[PDB]
Structures are given as C-alpha cells and as structure tokens.
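What follows is one chain in structure tokens, specifically the form deposited in one PDB entry.
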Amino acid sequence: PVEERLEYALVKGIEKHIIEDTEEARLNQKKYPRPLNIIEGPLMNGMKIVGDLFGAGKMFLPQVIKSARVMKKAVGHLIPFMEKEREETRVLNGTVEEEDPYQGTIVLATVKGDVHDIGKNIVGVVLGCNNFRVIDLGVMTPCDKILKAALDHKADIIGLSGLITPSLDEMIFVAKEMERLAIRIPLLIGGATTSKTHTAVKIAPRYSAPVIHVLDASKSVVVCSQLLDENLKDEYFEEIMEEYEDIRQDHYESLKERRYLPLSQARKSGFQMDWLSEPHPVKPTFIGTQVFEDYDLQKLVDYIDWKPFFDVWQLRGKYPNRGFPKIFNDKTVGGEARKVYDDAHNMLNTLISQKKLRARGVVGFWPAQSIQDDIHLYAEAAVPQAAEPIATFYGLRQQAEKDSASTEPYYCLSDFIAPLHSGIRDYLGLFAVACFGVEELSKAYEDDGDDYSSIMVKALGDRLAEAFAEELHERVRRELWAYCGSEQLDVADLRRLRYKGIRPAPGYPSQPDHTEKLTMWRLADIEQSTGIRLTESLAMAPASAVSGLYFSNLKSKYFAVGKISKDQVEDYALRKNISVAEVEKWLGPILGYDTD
C-alpha cells in the first residue's frame, strides 16, 4: 500500500521517494476522488502522529523539522493539482468551496524593532506540524500590518514574539490596538524577554479577549488546540482569567512588600576601592578605534560555545550529561545531538570555505573617569580634570534593600572606574561585532523549503557572533589593552568567566538601559566602520551582533541592578537631561513602583 509508505516517510523524514509515492497515490483516483483526500487523509495523519509524538517528548525537534520538510515537499508536489482543480471548478460551478484542511490560521510575527526570529520560526514549524496554517510575518512587523494580515487571512490566533525589553512596550501597544478595533481573536505572547507575570499584569488587562503567555513551542500546540476547541474554549479562558487575577493580586501584594533604600543612602553604601593602593590602570596601546573589515572565521570556530546552540534545538541533556561535549553521551538525545552537531559543522565548513559569511567589528579605547554614578570619556591629549568630556555613560546603582546578614555593597558600573578627583588616569573600552550574510542564506534556504537549514544557519550565525565577541575580548585583554598580558587561559576557562575584567552590554542586568548603545555608536562610529546599525528600538541589525563596554578593573564583576525607586529615576533623568517618562519607558522592567 502507498498510505503506509507515505506515513513512514512522514514520520521517519524521508524525502528520497516522497515525490514518487505522492504521485502514485494521486494516480490512484479510486481511493482519492479529489486530491484533497490525499491531504485530509494520509498526509495529515502522519503529521498528527509526528506532532503528538513530539508533544509526548518521544520525538525531538530536529526530527520534527525533517517531517515538516517531507510534508512540505509532498504538498509542494500536490499544489499544482490543487490549483488546477480550483481553476477548473471556478468555471465549472462558479463557486469556490470551503476546502481548508488545516485546524486554523495563526498569524505569527515579531514586533517592531526586533530582528530575532529563531524561536518564532521554530514555533511556526512546530504548529505547522500539527495541521495549523502558520502565517509567518517576519521581523520588525508594524502593528497595523499584523492586524491587516489577521483581517485578510481570517486568522484564528495571533502570536507576538520579542527578544528585547523594548519589544514589551510594542506588545502592549499591539494588545491595546487590538482592543481598540474591538477584535476578539485570542492573542498569544512569547519571546525570551516575556514572562508570565508581565503578561497578566501589563499585557492581559489591556485586551478583553484571551491573552495567554506561552513558554515554548511545545506548549503552543496545547494552547492553540484548547483555544480552537469549543468544548474547551470558555473553560480554559476562565481558568486563565482566575490564574492571572491571582498572579496580579500576588504581584501587587509583593510590590507593597518590597523595601528600597534612599538614593543618597545607597550611594553612601556603594562599592569602594582603594585607588591610593591598588595598581594603576594600564593605558591601552592606542586611543581611538581599530576596525576589522574581514575577520578570519576559521579562527572563530574553536571559540564557539555549543550549549546555547543545543538549547536552540531543545536538545537538553539530563544530568550529568547536560552540556557539550557530554551531551553526546546521553542515552536519549545523544544521537540527535550528534546528528545536529555534524550538520552544523558541515554547514560551517561550507560557509567559511566559500566566503559566504563575513565578520566585521570595531574596538575602541578612550580615557575615562568617574563622577559619582557616571563615567566620563575624554580626548587622547586632554587632561581629565581640565577638559570637557567627549562622552558619558550613565550608570544605575542597586537600590533594593538587602538582607541584614548580607554585606555586599550597592553596585554601579561607575564603581569600576577611577574617580576624577582621585588624580588617577583610567581608561574604558567598547566593542561591536557582527556576522554578515545570515539573512540572505536563511532566505535562500527558506525559499527552497529547508527550514532545518535556515534554523541551522541562524543558530550558526549567532554562535559565530558570540565567538567573535569572545575572541575579541581575549585579544583586548592580552594585545590591544595588554592589562592581562600573562593570560593564557583556554576557551573552557573563557566560558567560565575566569579572566580579568568584564564586558557588560547595554540592556543586560548590569545596565539595563538600551539607550547606552547610542553613545557607543556615536563615539566609535560603529555603523559606518562595520555596518552594524541600530533599529528604532535600539536593536542591532543584523541579529547576529554583539556589543558592550570593556572594564579592565580587577574588582569589576557582573551584577543585577534589580528594581529601583522613583528618586533614582528622577536623578537619572536629570543626569541624562531627558524627561522622566523616557527614563520610565527605557527602565520599565526594573521599576520598583507603579506608574499608572
């Protein structure tokens, strides 16, 4: 029989004879009077088997993508006959019937200002494997375009993705706009920057229709099936409503229960250094920017941290095999991890040897001094105490009250730079790297129909950007700044943060203000030197880009600012010479007080 062959090819992921079997079944008009039967019947049966096996955890994500590719080739062979049948019937009967076999239509988009779509692509493929008609809209999607896509495609669900905290404001804007046209379509929320608490507190109240946060792609199928089943729709919505009300009440009680120090008191208990006895800062080999136009990708292959790459494919090894290279020894996901790693190495070799990917970056150093909570940068030949700063990076100090038994100070990034009045020269660095050509390769793979290769190339581009950042930080410590000239740590120690100094990035918990990237881009001329541009929400395009600041102090360390009070917001607005509303917008996730 041909149905068994179709199901076996779908489940196992064999495109070798899928065209032949599909054509053979199509020619068997006895079983299938219309080609819709080959879709509604044997083909979606294998897709459903794959989807439920993935939901149960027996089959892993890469095999799901293989099955999706096989199904895509099958439907691609079938769609000319679908078009022929529809064109014939439009003239024979004058009408087009409801021939939809999918469970529902879902508009899937990444909100404006965000350029990350690996998770959105994975979610779309997973949903498509469960007979959902996924409508992927891309990145930096305007809200009006999402609403128009939902209206034109008679969509049933809308999904929003976002990776940076400025995307949360866009998501809330989309929710309230959906409310403004009185749309009743359920709205799912996903992304690395999203959380269950933020959705119920901020996103959920703005929309009357269901708004559900989804942690991963596996839960997305369950949520969509429950939302599209009328026997479970209202009860699931009510349960979501009660749990979100409970979490909102708990959130407000907590917010009443937190204590914060006064800003002056927090400053008085900040981190201190003995600059009169600590070793003096090491002057960099140059003051200004050194631009890299075409970095050696082969040097970046051995600097790649593969654990986030295996986290992309959801191949999470159990203890003690939870990380590379021990993941290959795991009983369950060892074979799939090995297959994915081999494919990644093959594609990396092909792209590097063909010059299909280019890495560009810039690193700069300037004299820097500290004035309370700010780091001021000066010219090369200018005396810091008698010259105007050419740039300033404003820091945020931890304000949340700590445990009485705790003795840790209240950290700020300016604590790692020598104060101006101390009479000690100090310097600060910054960098920005990227991997160029991932977008075109992903588009080419998606046009062919290989979503697996597109996801692989996106993950490899991100890995290459991270490896470039790590290697450049290694060079800065030993060669360009030479404050750690005796460093000889291996890449394993590099991934363990065992070296001197730190490289905080804007938007991270050390300094969660994304507007710090504008100063770097204006100072180091990053967009003109390397081609990396900031979007409207201060995200780096291409998405395979990493930036940050270089702190060479021995005592410097990574810290989380946490929640801050109103007074720190007012002081930050006064220092930055911007309105309080802008500070609250760019520091919304770290506000310890309500704003509405």
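Here, rigid core means the biggest group of C-alpha atoms that superpose within 1.5 Å across both forms. Note that residue numbering follows the sequence shown and begins at 1.
We do not show the form deposited in another entry, though everything after this point is about it.
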Core aligned, which of 193, 197, 131, 105 has the Cα that shifts 2 angstroms or more between this form and the one not shown? 193
Core fit, then residue 166 C-alpha moves 2 Å or more between this form and the one not shown: yes
If the two forms are fitted on the core, does residue 216 show a Cα displacement reaching 2 angstroms between this form and the one not shown? yes
With both forms fit on the core, is the shift of the CA atom of residue 458 between this form and the one not shown 2 Å or larger? no
Against the displayed form, residue 337 vs residue 193 by Cα, in the other entry, with 3 angstroms or more change: pair is closer
So the Cα-Cα distance between residue 193 and residue 532 shifts by 3 Å or more in the other entry; is it shorter or longer than what we see here? farther
